[PDB]
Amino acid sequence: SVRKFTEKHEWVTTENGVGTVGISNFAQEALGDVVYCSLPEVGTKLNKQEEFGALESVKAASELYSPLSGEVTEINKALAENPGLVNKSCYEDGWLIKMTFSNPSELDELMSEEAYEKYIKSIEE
């Protein structure tokens, strides 16, 4: 598999029935420096599109919506003291949550990287 995106500027990568979720570069730029990450408890059940948390910056809050249905398995504990990892490493060290996903057909609903490239090109033009 490859990274997939949502229209709310989130991403998910998948391995072995587990999705890792974060925000895109476009999203972190729009927020500016993240000062706080509100993340769900491990074991939380999520439906696709359900709110799971929020990111805070001086500029705004950004609500986080689940890309998948399933169950939270991990949160990124580094973000409590180092929330700015979201800005510095949004695709790697600044991941937000991991979850099992219960309905694999849902990935087919998300945007490919190519579609997301076209999306943000269109938005920025």
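All residue numbers refer to positions in the sequence shown, first residue = 1.
A summary of the deposited B-factors shows that, of 20-28 and 101-109, the stretch with the larger mean C-alpha value is 101-109. With 76-84 and 53-61 compared on mean CA B-factor from the PDB entry, the stretch scoring higher is 76-84.
Split the chain's modelled residues into thirds by C-alpha temperature factor. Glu117 is in the lowest one. In the PDB entry, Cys37 places in the middle third of its chain by CA B-factor.
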